[PDB]
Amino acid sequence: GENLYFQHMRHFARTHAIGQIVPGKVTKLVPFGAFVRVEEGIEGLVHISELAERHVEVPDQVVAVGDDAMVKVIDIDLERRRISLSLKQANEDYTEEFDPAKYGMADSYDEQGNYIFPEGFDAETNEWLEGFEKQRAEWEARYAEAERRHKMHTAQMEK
């Protein structure tokens, strides 16, 4: 969405890990890359060197205005309100095996990379607790979205 708010870009940085792969929409082509809108108020440049493995002379060879793409967040500059994205790197990091950390579940893994069981799920008995039905639904909606994004990425690799 066209206007930009420090507060929204900040909220994006804090809820998105570097390395996360996100759905975007190609909005504009220029000679040195493609602009890709990831979210309301969050548009990044995919540099022309970050579009594909093969050598590219113009971005039109790889994408067009209106294409949907799964792109990797490679850096966020809050001060200059710029996000850097890469299509090529998202595709390098792709794996048939689903890694939820890449697709929106990064904060289900602690700093050593161990899975953190969600609030309301009991690890020992491996069940959801009575009374945590709403947290269960919010977690399942999250996993579901993360899994849909990886399925979109599999579709992208299949092209």
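In case it trips you up, residue 1 is the first one in the sequence shown, and so on.
Visitor: Name the higher of the two by mean Cα B-factor in the PDB entry, 7-15 versus 132-140.
Guide: 132-140 has the higher mean C-alpha B-factor.
Visitor: May I ask you to compare 117-125 and 103-111 by their mean CA B factor in the entry and name the higher one?
Guide: Higher of the two, by average CA B-factor, is 117-125.
Visitor: Hey, out of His55, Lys28, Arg37, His47, whose CA B-factor is highest in the deposited coordinates?
Guide: Out of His55, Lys28, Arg37, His47, the record gives the largest C-alpha B-factor to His55.
Visitor: Which third of the chain holds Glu43 when residues are ordered by C-alpha B factor: lowest, middle or highest?
Guide: Tercile = highest for this residue's CA B-factor.
Visitor: Compared with the other modelled residues in the chain, in which third is the CA B-factor of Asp77?
Guide: For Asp77, the deposited C-alpha B-factor lands in the middle third.
Visitor: Splitting the chain's C-alpha B-factors into thirds, which one does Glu97 fall into?
Guide: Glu97: CA B-factor falls in the middle third of its chain.
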